[PDB]
Structures are given as structure tokens and as C-alpha cells.
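Data block below; observations after.
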Amino acid sequence: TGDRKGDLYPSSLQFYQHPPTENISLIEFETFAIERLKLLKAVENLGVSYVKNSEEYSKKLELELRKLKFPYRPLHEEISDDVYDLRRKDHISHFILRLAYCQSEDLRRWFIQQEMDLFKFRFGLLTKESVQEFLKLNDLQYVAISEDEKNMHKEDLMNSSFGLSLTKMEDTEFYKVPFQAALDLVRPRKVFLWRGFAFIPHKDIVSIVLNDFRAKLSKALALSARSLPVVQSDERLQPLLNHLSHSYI
Amino acid sequence: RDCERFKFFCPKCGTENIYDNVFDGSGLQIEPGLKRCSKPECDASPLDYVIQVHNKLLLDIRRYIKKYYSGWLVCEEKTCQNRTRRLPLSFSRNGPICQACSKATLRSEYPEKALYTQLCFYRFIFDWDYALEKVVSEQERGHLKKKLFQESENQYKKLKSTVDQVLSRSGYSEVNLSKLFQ
Amino acid sequence: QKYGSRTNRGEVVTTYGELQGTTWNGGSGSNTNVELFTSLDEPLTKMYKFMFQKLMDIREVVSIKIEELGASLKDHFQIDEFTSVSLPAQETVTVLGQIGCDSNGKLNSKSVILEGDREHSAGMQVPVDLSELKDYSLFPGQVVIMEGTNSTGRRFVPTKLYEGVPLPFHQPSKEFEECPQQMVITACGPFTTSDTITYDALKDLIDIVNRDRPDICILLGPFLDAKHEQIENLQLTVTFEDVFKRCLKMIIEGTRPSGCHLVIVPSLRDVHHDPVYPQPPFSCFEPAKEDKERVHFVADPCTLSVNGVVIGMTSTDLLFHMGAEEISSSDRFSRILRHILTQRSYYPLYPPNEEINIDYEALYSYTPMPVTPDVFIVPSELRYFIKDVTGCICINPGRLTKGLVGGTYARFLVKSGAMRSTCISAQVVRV
Amino acid sequence: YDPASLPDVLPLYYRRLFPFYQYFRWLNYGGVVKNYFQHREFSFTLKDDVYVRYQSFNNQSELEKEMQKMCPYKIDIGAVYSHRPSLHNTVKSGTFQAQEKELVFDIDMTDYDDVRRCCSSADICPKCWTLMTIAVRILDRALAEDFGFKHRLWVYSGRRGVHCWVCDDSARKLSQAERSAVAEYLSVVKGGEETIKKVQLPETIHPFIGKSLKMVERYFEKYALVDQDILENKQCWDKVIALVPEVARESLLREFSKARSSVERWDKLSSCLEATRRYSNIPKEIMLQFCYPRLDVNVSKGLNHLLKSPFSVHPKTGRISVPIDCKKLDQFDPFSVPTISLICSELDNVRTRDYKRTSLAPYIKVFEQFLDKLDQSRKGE
Ligand SMILES: [Zn+2]
Ligand SMILES: [Zn+2]
Ligand SMILES: [Zn+2]
């Protein structure tokens, strides 16, 4: 927090809910737009080439994020100025690309897909503590079963979660979710269902988070497409936004 | 491609130097344009007279701004080509209606995009970092990314600061994100 | 050489008002209150983004100018209805519009066209025939109301040209009733001789300021002229900003003994400043802590309040610009000054002269004259003068330097509520 | 039963036996949601296999009328749409959407053909019906314990199997994806006729699979070892041998040459597998492959699926699609189910109580109890 910083960027991951309000330069605008376009194209290429759970995918995506200087890893130090800068980048670039990727349904779908992929990766890199922090800052309020109920269903929980040891299981706390949100977990039978609720440990959760994210993002893109006439009049940003999808990187 | 290039007359020999890129030459013979005069017999380095280069840059920027604000309009009809400074209040859906023929639109002789591109070009011909990344090759980049050019780099940064300052005051160097995202 | 050996130093070349002694003395800005005239519209005090004008915006600004002035004049004259300029009129009709030239040259009596506003005429033009008008004075961009007939539907024939209506003067508050008379020394650039960059005339003027201790010193640009022979041919060994900074330091530091409020007005000929009109104030110089309250970097044009006295000032050569285009049936400068006052704008000429860059949104926002000023400083390449136009004292102090020879400045005394004689005395004096 | 006699009996039944009052109570769901019954899709199959859909009705009177008028051979219930199906032509394209429907399962004996020996195709017998008896318990328990669905109506399909209607308000608002998830969660026996090993359990037995195996075990000895005799001769036990690793197959064959009873052969197989540990679940995989229900995910996935209405008449057997009481499941007999001919003989042998004089009464009673439970849930909530 050097000169003009604040608590505007608490966590690395964000749902991109609040538009930026700053006054940036045209050079900064262009640099951020192109950089995030490179990041999203890299995400798409790696998704096509590799399996998203593969270690090659993770290594290459980390390399790209480091090369373009985007937030991808947490830091249990504090909000360092450099970190703040990176987060600001991410936040502005995203919305710029929204302006670029809301004109046509095709484009919209593409954008959504890439964004979801990136978000998933970043979630996959979050430590449990950080994960909870995130789940709190956005009022997702995911916790929580009692200890007594846990002992009540101890054996069921043990046989539900893959690769969970007795003592290690005793060291873990689950959450109760309606089964309509754990579709991806229930469908392959990797989480216990009791009386319409799934008991999810502290792998499937990302799915629910992503669902929420996707909903929000789709809505946002619709609104952006509804607010397009105000931007077309700005010649400075027309060559970029109207043709970003066809920009050599 | 339609922008005027930077013309600077050497104080010593008086020969015109046309600048259209940060760097001139190929391979290890590549050096910043303002390092040596275009006349082989002339040993004067324009980088020595950087105050004069700054003054000429400001004068050129003033010239282009004056050209833009002159507000010259030409009829788009080939058979009319009426040239006027006066903008009439009578407009069609496409713009001002030419008062000579009453059937064609008046177009700006020097539109805002022209001035913006001219200022961007003047920034381009002084963008050391951009030239190194995009324009310059690999071996040339290596030869230019050493010492013996740091002073030239600093002077080029100072000269680019002028065009950046001018562009910051153009509505066609600041983007108000509040107006975009609401 | 020629300037330094001049023999007419201190000669009073023009005088007006109450006779004063051979020596003028001021209060050193002791009981002086200088501010920008507090009107409804906010003043231009900072840079505005420019170089981006949409033709639609220019159309709207010009149209609303015509509409607003016509509305005020219609209320004043009790005119019933305005008629579209373009439509034919067999009987006499009243039409509101703005004057213009049918070609790119200079206006003449046979090349006058009237362009109506969007509200009453859809922006249509009509040629004007001035054969039936006995007396007239027209310049391009002049908003006029005329009674006339258009029998052929192709040529408007005015029969009456309504006179202009100047804004009312300012009614000063009693807060400054007990303040003494204030002395103002006004000078306009160029400040250096054509063949020098040493600012000798400026040094002489600063000596005069310290000698007479005026209450306000109004310095109008250019301070680093773009047309200076040294500037154009690139013979300067230092940057433009450095020369301007040196000049401003000279002015501010040299006036420390006088304690005089300095009002600096930029000029379109300032090679170091943004070339756009209305010109924002200078912002490249930070006065020391001991001169912050004395220096006022104002915009071109400026309406200043000095103990209740409203002074209008512009660096632009309005008289030269409009004299080249004004056509009259039969004092020319008085006519042009009255035109400026009645149009209620510091630059009513449209299209402008070739030497001024006009941003029309800023022109709309910052060129309306709030009231009719008590004093109107209008430096010009034309001859110096002190005229009384409709109760406003219009002062042209000339330029401090006229080529190789020294020029002139002006000194006047202003007191709110005097006698309407807000200008006690005024004099154009030689440097 | 004479199917040429079907066109003679159908009207009388639809006039004096079909329980319209309770039917409307069901599909109207206590009137809570407006247009709920009015937006329900029906489909009719008339004589000479003439199919009509997008049938909707204003209330019970209109339904009784148009049904008694058409005398359909088949009645299928479909989704509740955004508008009335009758006016689907009037609804702007894309604005006609199926919004709610019961969650339904169809279990059909024909899907068990590769694993039953007593009958084939559409033939059923008392020796194979126990499979249905298992399914209803295995599935319904899950639906009552894992998912918490509280209002579940099991109905005989008339010939080859059983349907289940899960009618909880939550179950009626489930999207297509949620339905597919529910179906896949309940589904274990995966594969077609080209696959031999259709169950491959992991090392960890998911609690649901443990409880399904527990339910299976209670019946397995009677169904598979006594009745089906899945180890009667070589032609059959060769299959079960084909379902286990080759390593012990030879060891088993000699043993199966010295066994006189299939119960003995099962004991021997269990002992041999236990002696041989990652294969400790192989007997469970065999039991599941012979006992676990098979579910057509296409039946339950789609919202727009038209399923046989309760109290329909089977075009071939003539039996009435009667509800099955869960408690008395072990006593259910698909061969004693009233046929339309029997209930018309009963009707012509003696207004709102005529059905109480036929053998149809206890099944309408079970349906009335189920509807009473639904009403209690609608009120209490
Ligand atoms: Zn040279
Ligand atoms: Zn034309
Ligand atoms: Zn059988």
C-alpha cells in the first residue's frame, strides 16, 4: 500500500462483480487488453492440447501466467504493492475483454469458456485457508455438519470420500449441501447422500463455485451487449474492441 | 502510411534528416536514428542538439493541431469538390450538407483520426522499448540492448515524453472507465 | 540598439477621464481583492481534453448560441413569432439567424447569407440582399434579427435590422464602498524585441511597476512568441519551457518590491502552451510560497473582479480579426467593440480567423460575457486607444514591443461606485 | 381374455370404474399452483394405433367428457408446460417449454433377458418376478433415504415391469441435469449385450452399494440358488465362470463337477474366491449382475417423457395398472391383477361407490392413502 492503494483487492480470485472506476491511460488500456487476450488464447490452446487435470496443463499454464504477470499464486505475506498492481491488472483487463467479447453469441461463449477454465485452475491452486477466505469474502457461506452427526455417520463418511484415512478423517469437517449443487460429484457416486443432502469435504466444491461464476458472467455479458452503443462512439477503443478476437499476439 | 515523417535539418550541414523509425540500419550496423547525420561527410550527431529536436517536435505538433482545428471541409462529390471552412447547420443523416450542390456530404479534410495517428506515429518514431520488442530482430536486439546506447535511450525516452504529454491531453491519453462500465 | 536609445520614454500617447498628476502612485495591492467574476457559469481553470470535435457537437453549439441570443432578443423586443429563413415570404416576416459569407473570401455586401437555427429553420441558409437596408453593420457569425420579405423564395430582402442589446452592467455590493481607488497597469506581448530574447521591454516595465507600485498588473501574452524570428528558425539553445520559466521568474521576483497582484493571461502565440481557444491557464510554473497570493494564472478570455470592478480581458486580437470581415453601410473600432459587447461573447466571429484554434464546447462554456464589463482590455496590432463604448471603457494598450522599436502600456484607475464613472482616468503611455 | 373384446369393454370402464376424482386430486396437486392441471400434457392412443398429444383439459369435467368420448386404448401422462398444450400452436416458437414433471423410473423385465433362465421376451412367471420385488426395495429405499423423496407411487406396468412416480414438489422441479444425475447415481449395471462383465466395483464400496447388496442378499438364496438355479448345468454356470478371472476357473470347474446342488456350488465358489484379496468383491459383482435393477436413463432424463398412466388397461394382457402397496410388496402377484374383462363382469353383476363392489377397490384404496399423504404434506408445509 504505497501511494494510492486500498482494500479494493482482498483476494487473488474474484468473481469480477464490481466494474472498475479508475481513470487509466490509453497505453495501459491496450497493454492490459492484449495481455489478457494472450492469457486466454494460451488457456484455450492448452485445453485443446492437454487434459485440464494433467500436470503438463498446470505447468504450462503457470509458465504463461508468470510470463504475462497475472495473479496465480497466493502470498501469505500481505498486500504488497506489486501484488496489488497485478490484481488491478487482472480486474481491469477482464472487463476490457468483456467489452471486446459481448457483441456476438459465439464470442460470448468463447469468452465464458476461457474464463471458467482460468478460474478453475486458480481455484485448484488455493490452499484450504485461502479457499475459505475466498468463500467468505463473496458471501458464499460454505462451512457445516456437527461433530456428533459426523460420529453418527462416521462409517458412511469414511466409505464416501475416496482415500480418506480414519484419523485423517477425524481431523476433517464436512459440509451439507443440497444435491442439486453437487451434480458433478453425485453423478459418479463420490459423495454420500443422506436425506437430500450431500456431505462434501473441505474436489466437487469448485464445481458449485464455477456454476455460480458462470451464471453471473453470462448475465454480465448480456448487460454489456446491452450497453454497446455507448462505446462504439469512442473511436480510440473501436479498432481494438471490434477486432480483438482477430488480433495477432 | 499516410503520416508525415519527422524532418529535422542538421544544424551543422543543413541537410534534411527524415526519421520514420527509432533505429536505422541492419545487423550490428544498426544504431538509433538520431546518432549520426544522414550526410556521410557530416560528423554532427543530432543527439547533440536534442534541445533543437525538442523544439522542432513541439513546433510540428503545433502545426498539426492547427491543421486539425482549421476545420476544412471538402464535398465528397467528385463533380463538386467544394472546399469550405464554414460548417453549415443543415445536416443530412450522413453529416453536413454541401451548400454548393445541396446533394452531397462535407467531409473533414483533416479528421480527428488523422491527427491522432500523426501523434501516435511521432510517439512510435521515439518508442525505444516497442522498437526493441517488435521492429528489431534478435541479433540487432542483442546489439542494441547493451551499454554505449544508454544515453541515446534516455534522450529518446525524454523525446517520447513530449508526445506522450500531448496525447494525454487528447480526447480521441485518458480513458474514463466509469463512462465505459456503468 | 534602436530600443535602448529611444527618446520618447514615458510619453502619454493617449488620455481619458480625470486629469492626474505627472506621476501615478498605487496602494501596492494593500487593500485589494482580486478574484474571478462569480457568475452562474464555472470558469476555465484547468486543462480540458481537446483535439476531438464531432461535427454534430459544433452544429449543436452554434445552433444553441443562435437560439439563446435570439430568445433573449425576442423577450427584449416583444417579437411575436420567428419564421423559417428558407421559406418564401410575400409579406414582411421577422427572421432570426447568423450572418455568413457565401464563399471563402472576405465578406462583402453582395456575398451575405443568413443561416437559421435548427429550431426555426432546420439550419437552412438564404442569400441576403442589402439593397433596401439603409444602415447596417454585419460580420460573419453575428446573430441578428431582421424584418424582411422573400418573394422569390431564393433571396431574403431585409428591411429592418434590429439593434443589439448589451448585457446590463454589474451592480456592485457595498462591501467595497470604502475601498480606495485601485491602479492597474496592463501590458501585452511580445515582450522582447524581434531580434533579441533578453526581454528588455519587460525589464523596463517591471522597473515602472516597482516605481509606481500599482495595485494590479495585467500581463497578456505572448510571453514566448511563436512568430519570433529566433523561434521559427530554431536558433534557440534552450527549450521553450525553460525560456518561459525564466520569463515568469523575472516577472514574479522582480515585482516583489511592488507587492502587486499579477494577472497572467496566455496567448494563442505562446509556443509553449496548448494551442486551443478558450485557452486554459498556465500550469507549468509554481510560484514560491511568498508569491502564491499575488499571482493569478487566469484563462483567455477572463472576467476579473477587482473590488467590485468587472474587467474583461482577452489576449486574442479581436479587432484585427473582425475588422477584416465587418461590412458597414457607411468609428469602425467602436462599431466592432459594440458588436462584441452586444453579441455577449468574447469571440463572436464564425468561422474564426486563420490564426486561432477554437474548441467549440469550451467556447460555449467559457466565452459568454457574464455582464458588460466596466473595463475591457483588448490588445491589438491596430493603434492604441481608449474608447467609451456604451458605457464600457475599452482600452487597447497596443503591444509592449512593435518590431524593433519599443511599444506602449496602459494605466488606469478604477473605483467601484465612483460618480457611471467606474474608470476615473486612463492613459496609454510609452515604454 | 379376448383382445377383440377390448373395444366392447373400454367405454364402460371409462364410464363407471376409472377413478377420475382421485386422478384429478393427484394431477391437480391441491390447486396451490394456478394452471398446474391446465398446463399438464396428456397423450392418447386410439384404435388402429392412432397417436395424439398436446392434449390438455380445463378441469375434471372436461377430462371425463373428452375421455369418455374418445375411448383411448392408451393414456400417457406428460410434462406440465409453460402454457396449455392444446394451444401450443399459438405459443411463440421457443416459448413452449416443459417446466415440471414427476421423477419417473421404468423397470422392464425385458431388460433382464440376458440373466434370467425361466422366461424370455415378454413372458413372466413367479420364479422371475422376485427380480422386480428386489428392485422396488433397492430403489425405493434409496429414494427415501439418500434423496429424501417422501411421496412415491409404485405402479404395475401391466405386463413386463413396474413404474415409479416420485411426486415431491422438489422432485417435480428438478432440471434435466439433476434428473440425469439422479438416474446415474442409482444406476450400477452398465453395458449392452456386447459386454460380459457389467459391474466393476472399486476397492471402496460406496454406502449405497453396500445397502443395495444387503437388500440383495436377503433374497439372493431363494431367487438365484433355489428358483433360478443359475448353476444348474454347464451351459449356465459357464457364464458365471466367464464373469470371474480365468486363474481360478479351472479350479472351479472340477469343483462344479462334484457338486449336486447350486447352493453347494455357490458355497464352493465363495470359498474359492475367498481363498484367492482384491477379488473379494467378485461375488458381489456377480450378485449385482444377476439382481440389481437396470434403468433406461433416457426414460428418466427427459422432462417431456410420456409414461403410461396409472389405472390404464394393458392392450394385450388386459390387466389394470394398479398401484402396489410398499408394505405388502412381498404379497404382490402380477397374475392376480384385475383384468378389464373381470371387472366388467363384476360391474354387470349388481354412483360414486360402484368401484367398491369390484376387485379394484383395494388398489384405489392404496392410491387414496398415497394422495392423503400428499395432501397432508401440502397442508403441513
Ligand atoms: Zn549533418
Ligand atoms: Zn458539394
Ligand atoms: Zn420366469
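All residue names refer to the C-alpha cells as shown: chains lettered A, B, ... in order, residues numbered from 1 in each chain, ligands numbered from 1 in order.
Taking only C-alpha atoms and all ligand atoms into account, the residues that come within 9 Å of ligand 2 are residues 74, 75, 76, 77, 78, 79, 80, 81, 82, 83, 97, 98, 99, 100, 101, 102, 103, 104, 105 and 106 of chain B.
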Using only C-alpha atoms, find each residue of chain D with at least one atom at most 8 Å away from an atom of chain A; report its shortest atom-to-atom pair and that distance in Å (one decimal), sort the rows by chain and rising residue number, and return the result as JSON lines.
```
{"residue": "D:144", "atom": "CA", "partner": "A:195", "partner_atom": "CA", "distance": 7.3}
{"residue": "D:145", "atom": "CA", "partner": "A:195", "partner_atom": "CA", "distance": 5.3}
{"residue": "D:146", "atom": "CA", "partner": "A:194", "partner_atom": "CA", "distance": 4.3}
{"residue": "D:147", "atom": "CA", "partner": "A:196", "partner_atom": "CA", "distance": 3.9}
{"residue": "D:148", "atom": "CA", "partner": "A:195", "partner_atom": "CA", "distance": 4.1}
{"residue": "D:149", "atom": "CA", "partner": "A:196", "partner_atom": "CA", "distance": 7.7}
{"residue": "D:177", "atom": "CA", "partner": "A:183", "partner_atom": "CA", "distance": 7.8}
{"residue": "D:178", "atom": "CA", "partner": "A:180", "partner_atom": "CA", "distance": 6.1}
{"residue": "D:180", "atom": "CA", "partner": "A:187", "partner_atom": "CA", "distance": 7.9}
{"residue": "D:181", "atom": "CA", "partner": "A:187", "partner_atom": "CA", "distance": 4.7}
{"residue": "D:182", "atom": "CA", "partner": "A:187", "partner_atom": "CA", "distance": 7.0}
{"residue": "D:184", "atom": "CA", "partner": "A:187", "partner_atom": "CA", "distance": 5.6}
{"residue": "D:185", "atom": "CA", "partner": "A:187", "partner_atom": "CA", "distance": 5.2}
{"residue": "D:204", "atom": "CA", "partner": "A:159", "partner_atom": "CA", "distance": 6.3}
{"residue": "D:205", "atom": "CA", "partner": "A:159", "partner_atom": "CA", "distance": 6.6}
{"residue": "D:206", "atom": "CA", "partner": "A:159", "partner_atom": "CA", "distance": 5.7}
{"residue": "D:207", "atom": "CA", "partner": "A:156", "partner_atom": "CA", "distance": 5.9}
```
If DSSP is run on the backbone, what residues of region 163-345 of chain D are strand (DSSP E)? A reply as a ChimeraX atom specification would be ideal. /D:163-166,307-308
Please give the complete set of residues from chain B that DSSP, run on the backbone, assigns to alpha helix (DSSP H), formatted as a ChimeraX atom specification. /B:50-69,112-124,128-130,138-144,150-168,177-180
Written selection (C-alpha atoms) as a short mmCIF file (atom, residue, chain, number, x, y, z; two decimals), in the first residue's frame:
```
data_model
loop_
_atom_site.label_atom_id
_atom_site.label_comp_id
_atom_site.auth_asym_id
_atom_site.auth_seq_id
_atom_site.Cartn_x
_atom_site.Cartn_y
_atom_site.Cartn_z
CA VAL B 50 18.35 17.41 -28.61
CA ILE B 51 17.04 20.78 -27.43
CA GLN B 52 16.58 21.73 -31.08
CA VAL B 53 14.92 18.38 -31.77
CA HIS B 54 12.54 19.00 -28.86
CA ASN B 55 11.70 22.47 -30.17
CA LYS B 56 11.10 21.19 -33.70
CA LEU B 57 8.88 18.44 -32.31
CA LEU B 58 6.78 20.97 -30.41
CA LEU B 59 6.53 23.19 -33.50
CA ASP B 60 5.41 20.22 -35.61
CA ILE B 61 2.80 19.25 -33.02
CA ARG B 62 1.51 22.83 -33.07
CA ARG B 63 1.38 22.70 -36.87
CA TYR B 64 -0.69 19.52 -36.87
CA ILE B 65 -3.06 20.79 -34.17
CA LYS B 66 -3.56 23.98 -36.17
CA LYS B 67 -4.26 21.90 -39.27
CA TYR B 68 -6.91 19.93 -37.39
CA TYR B 69 -8.59 22.97 -35.87
CA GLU B 112 -9.55 13.61 -35.75
CA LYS B 113 -8.24 10.16 -36.66
CA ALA B 114 -5.59 11.76 -38.88
CA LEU B 115 -4.26 13.92 -36.04
CA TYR B 116 -4.40 11.03 -33.59
CA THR B 117 -2.45 8.81 -35.98
CA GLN B 118 0.11 11.55 -36.57
CA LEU B 119 0.73 11.94 -32.85
CA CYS B 120 0.87 8.16 -32.46
CA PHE B 121 3.44 8.00 -35.26
CA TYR B 122 5.58 10.66 -33.61
CA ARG B 123 5.41 8.56 -30.45
CA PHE B 124 6.28 5.46 -32.50
CA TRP B 128 12.71 2.55 -27.79
CA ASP B 129 11.08 -0.36 -25.97
CA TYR B 130 8.47 -1.03 -28.64
CA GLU B 138 17.16 -10.92 -32.45
CA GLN B 139 20.82 -10.18 -33.16
CA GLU B 140 20.01 -6.49 -33.63
CA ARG B 141 18.12 -6.51 -30.33
CA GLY B 142 21.14 -8.03 -28.62
CA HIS B 143 23.45 -5.44 -30.13
CA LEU B 144 21.12 -2.61 -29.05
CA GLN B 150 22.05 4.15 -22.64
CA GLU B 151 22.42 7.89 -23.20
CA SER B 152 20.60 7.60 -26.52
CA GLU B 153 17.91 5.56 -24.78
CA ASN B 154 17.46 8.26 -22.14
CA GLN B 155 17.24 11.01 -24.74
CA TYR B 156 14.71 9.01 -26.74
CA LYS B 157 12.65 8.47 -23.59
CA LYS B 158 12.69 12.21 -22.93
CA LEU B 159 11.62 12.94 -26.51
CA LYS B 160 8.80 10.39 -26.31
CA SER B 161 7.67 12.04 -23.08
CA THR B 162 6.71 15.12 -25.09
CA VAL B 163 4.43 13.24 -27.48
CA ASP B 164 3.01 11.27 -24.55
CA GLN B 165 2.21 14.51 -22.76
CA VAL B 166 0.46 15.87 -25.83
CA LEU B 167 -1.54 12.67 -26.31
CA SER B 168 -2.57 12.70 -22.64
CA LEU B 177 -13.57 3.55 -17.13
CA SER B 178 -16.58 4.92 -15.24
CA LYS B 179 -18.13 6.04 -18.52
CA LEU B 180 -17.50 2.65 -20.14
#
```
Exercise answer, chain B residues close to chain C, 6 Å and only C-alpha atoms, as a PyMOL selection string: chain B and resi 51+69+86+89-90+112+169-172
Selected residues written out, N, CA and C atoms, as a PDB file, in the first residue's frame:
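Generated output (part14.pdb):
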```pdb
ATOM      1  N   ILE B  51      17.917  19.651 -27.704  1.00  0.00           N
ATOM      2  CA  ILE B  51      17.041  20.783 -27.425  1.00  0.00           C
ATOM      3  C   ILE B  51      16.373  21.254 -28.710  1.00  0.00           C
ATOM      4  N   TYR B  69      -7.604  21.992 -36.300  1.00  0.00           N
ATOM      5  CA  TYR B  69      -8.594  22.968 -35.871  1.00  0.00           C
ATOM      6  C   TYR B  69      -8.928  23.983 -36.951  1.00  0.00           C
ATOM      7  N   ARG B  86     -16.491  26.871 -43.433  1.00  0.00           N
ATOM      8  CA  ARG B  86     -17.728  27.068 -42.696  1.00  0.00           C
ATOM      9  C   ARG B  86     -18.498  25.759 -42.622  1.00  0.00           C
ATOM     10  N   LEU B  89     -25.218  24.408 -40.614  1.00  0.00           N
ATOM     11  CA  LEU B  89     -26.115  23.732 -39.686  1.00  0.00           C
ATOM     12  C   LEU B  89     -27.082  22.779 -40.376  1.00  0.00           C
ATOM     13  N   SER B  90     -27.151  22.784 -41.705  1.00  0.00           N
ATOM     14  CA  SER B  90     -28.055  21.899 -42.433  1.00  0.00           C
ATOM     15  C   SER B  90     -27.379  20.544 -42.584  1.00  0.00           C
ATOM     16  N   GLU B 112     -10.186  13.856 -37.045  1.00  0.00           N
ATOM     17  CA  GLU B 112      -9.552  13.609 -35.754  1.00  0.00           C
ATOM     18  C   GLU B 112      -8.651  12.383 -35.804  1.00  0.00           C
ATOM     19  N   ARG B 169      -3.501  14.831 -23.385  1.00  0.00           N
ATOM     20  CA  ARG B 169      -4.460  15.921 -23.428  1.00  0.00           C
ATOM     21  C   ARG B 169      -5.426  15.802 -24.596  1.00  0.00           C
ATOM     22  N   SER B 170      -5.445  14.662 -25.277  1.00  0.00           N
ATOM     23  CA  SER B 170      -6.305  14.442 -26.429  1.00  0.00           C
ATOM     24  C   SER B 170      -7.521  13.626 -26.018  1.00  0.00           C
ATOM     25  N   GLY B 171      -8.705  14.079 -26.432  1.00  0.00           N
ATOM     26  CA  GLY B 171      -9.918  13.333 -26.160  1.00  0.00           C
ATOM     27  C   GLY B 171     -10.125  12.125 -27.044  1.00  0.00           C
ATOM     28  N   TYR B 172      -9.454  12.077 -28.195  1.00  0.00           N
ATOM     29  CA  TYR B 172      -9.583  10.937 -29.091  1.00  0.00           C
ATOM     30  C   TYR B 172      -8.901   9.688 -28.558  1.00  0.00           C
TER      31      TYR B 172
END
```
Within 10 Å of residue 130 (chain D) using only C-alpha atoms, minus same-chain residues under 4 positions, as a PyMOL selection string: chain D and resi 125-126+134-136+219-220+222-224+227+291+330
Please provide the set of residues having any atom within 10 Å of residue 56 (chain D), restricted to only C-alpha atoms, with same-chain residues fewer than 2 positions apart removed, written as a list in words.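 The residues satisfying every condition are residues 37, 38, 39, 40, 41, 42, 43, 53, 54, 58, 59, 62, 63, 80, 83, 84, 85, 86 and 87 of chain D.
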All residues within 8 Å of ligand 3 are required, counting only C-alpha atoms and all ligand atoms; please report them as a PyMOL selection string. chain D and resi 116-120+123-129
For CA of residue 134 (chain A) and CA of residue 210 (chain A), quote the distance in Å rounded to one decimal.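 Separating CA of residue 134 (chain A) from CA of residue 210 (chain A) is a distance of 13.1 Å.
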So which residues are near ligand 1, meaning at most 9 Å away with only C-alpha atoms and all ligand atoms counted, given back as JSON, numbers by chain? {"B": [9, 10, 11, 12, 13, 14, 15, 16, 17, 36, 37, 38, 39, 40, 41, 42, 43, 44, 45, 46]}
How many Å lie between CA of residue 87 (chain A) and CA of residue 235 (chain A), rounded to one decimal?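 Between CA of residue 87 (chain A) and CA of residue 235 (chain A) the gap is 27.8 Å.
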With a distance cut-off of 12 Å and only C-alpha atoms, select the neighbouring residues of residue 64 (chain A), excluding the residue or stretch itself and same-chain residues fewer than 5 positions from it, and output the selection as a JSON list (two decimals) with C-alpha atoms, in the first residue's frame.
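Full text of out.json as output:
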```json
[["chain", "number", "residue", "atom", "x", "y", "z"],
["A", 35, "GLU", "CA", -2.05, -9.32, -22.30],
["A", 36, "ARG", "CA", -5.31, -10.90, -21.19],
["A", 37, "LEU", "CA", -6.06, -11.90, -24.78],
["A", 38, "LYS", "CA", -2.73, -13.74, -24.80],
["A", 39, "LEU", "CA", -3.59, -15.40, -21.49],
["A", 40, "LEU", "CA", -7.00, -16.57, -22.70],
["A", 41, "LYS", "CA", -5.62, -17.86, -26.00],
["A", 42, "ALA", "CA", -2.97, -19.79, -24.09],
["A", 43, "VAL", "CA", -5.71, -21.26, -21.90],
["A", 45, "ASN", "CA", -4.66, -23.90, -26.68],
["A", 46, "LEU", "CA", -3.60, -25.80, -23.57],
["A", 57, "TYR", "CA", -1.53, -28.36, -18.32],
["A", 58, "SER", "CA", -0.75, -26.96, -14.88],
["A", 59, "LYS", "CA", 2.94, -26.43, -15.62],
["A", 69, "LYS", "CA", 2.49, -11.35, -14.89],
["A", 70, "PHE", "CA", -1.03, -12.23, -13.79],
["A", 71, "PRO", "CA", -2.02, -13.28, -10.25],
["A", 72, "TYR", "CA", -1.94, -17.05, -9.98],
["A", 118, "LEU", "CA", -8.74, -19.97, -15.84]]
```
If we count only C-alpha atoms, what is near residue 254 (chain C) at a cut-off of 9 Å, once residues fewer than 3 positions away on the same chain are taken out, given as a CSV table (one decimal) with N, CA, C and O atoms, in the first residue's frame?
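Result file follows (out-v2.csv):
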```
chain,number,residue,atom,x,y,z
C,203,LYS,N,11.8,44.2,-18.7
C,203,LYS,CA,12.6,44.8,-17.6
C,203,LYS,C,12.2,46.2,-17.4
C,203,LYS,O,12.1,46.7,-16.2
C,206,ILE,N,8.9,46.2,-15.6
C,206,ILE,CA,9.0,45.8,-14.2
C,206,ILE,C,9.5,47.0,-13.4
C,206,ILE,O,9.1,47.2,-12.3
C,207,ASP,N,10.5,47.7,-14.0
C,207,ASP,CA,11.0,48.9,-13.3
C,207,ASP,C,9.9,49.9,-13.1
C,207,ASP,O,9.8,50.5,-12.0
C,210,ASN,N,7.6,48.7,-10.2
C,210,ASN,CA,8.2,48.9,-8.9
C,210,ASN,C,8.2,50.4,-8.6
C,210,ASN,O,8.1,50.8,-7.4
C,249,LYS,N,9.8,33.8,-13.9
C,249,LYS,CA,10.5,34.1,-12.7
C,249,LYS,C,11.0,35.6,-12.7
C,249,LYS,O,10.9,36.2,-11.6
C,250,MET,N,11.4,36.1,-13.8
C,250,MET,CA,11.8,37.5,-13.9
C,250,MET,C,10.6,38.4,-13.5
C,250,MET,O,10.7,39.2,-12.6
C,251,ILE,N,9.4,38.1,-14.0
C,251,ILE,CA,8.2,38.9,-13.7
C,251,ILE,C,7.9,38.8,-12.3
C,251,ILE,O,7.7,39.9,-11.6
C,257,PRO,N,9.2,43.9,-4.7
C,257,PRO,CA,9.1,45.1,-4.0
C,257,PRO,C,7.8,45.8,-4.2
C,257,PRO,O,7.3,46.5,-3.2
C,258,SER,N,7.1,45.7,-5.3
C,258,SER,CA,5.8,46.4,-5.5
C,258,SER,C,4.7,45.8,-4.8
C,258,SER,O,3.7,46.5,-4.5
```
Dump as an NGL selection string the residues of chain A that approach chain B to within 9 Å, counting only C-alpha atoms. :A and (19-27 or 29 or 92 or 95 or 99 or 224 or 227 or 230-231 or 234-236)
Could those selected residues go to a file with C-alpha atoms, as a short mmCIF file (atom, residue, chain, number, x, y, z; two decimals), in the first residue's frame?
```cif
data_model
loop_
_atom_site.label_atom_id
_atom_site.label_comp_id
_atom_site.auth_asym_id
_atom_site.auth_seq_id
_atom_site.Cartn_x
_atom_site.Cartn_y
_atom_site.Cartn_z
CA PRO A 19 -16.62 -2.66 -12.56
CA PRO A 20 -13.50 -0.52 -12.20
CA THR A 21 -13.96 3.19 -11.61
CA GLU A 22 -10.42 4.47 -12.22
CA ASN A 23 -9.11 6.70 -14.99
CA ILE A 24 -6.42 4.76 -16.87
CA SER A 25 -4.25 5.67 -19.84
CA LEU A 26 -4.78 4.50 -23.40
CA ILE A 27 -1.41 2.72 -23.32
CA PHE A 29 -5.75 0.01 -21.70
CA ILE A 92 -9.35 -4.12 -15.42
CA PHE A 95 -13.76 -6.00 -18.01
CA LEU A 99 -16.31 -5.08 -23.80
CA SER A 224 -22.55 -5.45 -21.69
CA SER A 227 -24.57 -1.19 -23.26
CA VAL A 230 -22.11 4.00 -25.62
CA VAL A 231 -18.70 2.55 -26.51
CA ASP A 234 -15.20 6.16 -28.82
CA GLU A 235 -13.06 5.77 -31.93
CA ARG A 236 -9.92 5.26 -29.82
#
```
At a cut-off of 8 Å, using only C-alpha atoms, what residues contact residue 72 (chain B)? Leave out same-chain residues fewer than 3 positions from it and give the result as a ChimeraX atom specification. /B:83-86,108-110
